[PDB]
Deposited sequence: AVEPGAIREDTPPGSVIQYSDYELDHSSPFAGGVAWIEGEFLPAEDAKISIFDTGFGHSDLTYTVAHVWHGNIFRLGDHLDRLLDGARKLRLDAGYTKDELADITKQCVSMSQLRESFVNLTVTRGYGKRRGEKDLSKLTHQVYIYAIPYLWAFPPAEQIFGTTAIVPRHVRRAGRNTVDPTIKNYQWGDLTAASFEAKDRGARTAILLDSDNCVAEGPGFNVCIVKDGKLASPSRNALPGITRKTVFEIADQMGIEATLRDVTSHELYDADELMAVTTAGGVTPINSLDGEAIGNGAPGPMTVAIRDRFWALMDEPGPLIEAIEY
């Protein structure tokens, strides 16, 4: 339900206890129209979401009992489903109610919330709310992580397995993560076929150079964390641009950061074993990350309180 986070840092879990009398406590899944405890959640092996990975999905997070940008996530999920000729069979409002009920039943104040739409065996909608998941550990959110550029892997292009529609087809992402681990790095930043920056295994990459922020426009998910970071940057008076970022620019960056729903804004201290800047989290990354976590507690349109 919780994990250690750096003391006095912007990231702190809620202080509360689960009611274990409820079978729903700690995880809830909605499958084939029925809410279920997460542990028993199961899907037909014959769903083409398995055999063909014929699906799209989104993930939203809950922090301090508030779900973040659920409407944007549902818009993205439904837009991608339409591009894949998938019919969820539920309206955006209906999905929102079900999702929020999954969180409420789990009792989780911090949660990783998944909505998946699959072609099915009749299209299927699967939803779950489970304890908070970290793409990078809390310590790395605060003190930074390490990356490599794969020698042997590139990101799949938009004309193959399209990264702009969120998907479970991680063959290149998994291969890149193994290469990073083999090389002693925490993660990988993948290039596309033209040696432009694409994205990482589970995150977008933002590049800071000369006081400006850039992020890839082509072979990358249009991330909601990235959208949030760009809004924060705009409010700070920083110019933030979605554009092609060349491999030259990646290696020459003043700061690098990974951004994703599961854990937020992660500084990247080094690339290919070479320090980025001073080898510690950059000033713009720190400013944006701290503002991002403040949004989770501030009343506004980006967050909605779950009713437990």
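Could you name the stretches of the deposited sequence that have no C-alpha atoms in this structure? Missing CA coords at 1 to 6, 128 to 139.
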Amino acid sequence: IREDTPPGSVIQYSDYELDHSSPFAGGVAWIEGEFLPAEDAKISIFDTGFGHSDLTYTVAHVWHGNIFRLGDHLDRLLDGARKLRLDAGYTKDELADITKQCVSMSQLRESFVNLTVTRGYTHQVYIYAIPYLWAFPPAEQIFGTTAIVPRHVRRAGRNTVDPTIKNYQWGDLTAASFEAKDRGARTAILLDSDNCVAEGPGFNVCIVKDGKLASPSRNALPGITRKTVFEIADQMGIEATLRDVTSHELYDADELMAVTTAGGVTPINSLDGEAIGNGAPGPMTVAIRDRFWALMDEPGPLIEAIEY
From here on, numbers count along this sequence of modelled residues.
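Which wins on mean Cα temperature factor, 127 to 135 or 159 to 167? Result of the comparison: 127 to 135.
Do the C-alpha atoms of 64 to 72 or of 39 to 47 have the higher average B factor in the entry? The entry gives the higher C-alpha B-factor average to 39 to 47.
Residue with maximal Cα B-factor (values as given in the PDB entry) among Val229, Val208, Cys102, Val149: Out of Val229, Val208, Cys102, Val149, the record gives the largest C-alpha B-factor to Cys102.
Out of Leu190, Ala88, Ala180, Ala220, whose C-alpha atom has the biggest B factor in the entry? In the PDB entry, the greatest C-alpha B-factor among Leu190, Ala88, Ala180, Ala220 is found at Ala88.
Divide the modelled residues of the chain into thirds by Cα B-factor and specify which third, lowest, middle or highest, holds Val245. Tercile = lowest for this residue's CA B-factor.
Taking the chain's C-alpha temperature factors as the reference, tell me which third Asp272 falls into: lowest, middle or highest. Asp272: CA B-factor falls in the lowest third of its chain.
Split the chain's modelled residues into thirds by Cα B-factor; is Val265 in the lowest, middle or highest one? Middle third - that is where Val265 ends up once the chain's C-alpha B-factors are sorted.
Third of the chain, ranked by Cα B-factor, where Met236 sits: It falls in the top third of the chain.
CA B-factor ranking of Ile142, expressed as a third of its chain: Middle third of the chain for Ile142's C-alpha B-factor.
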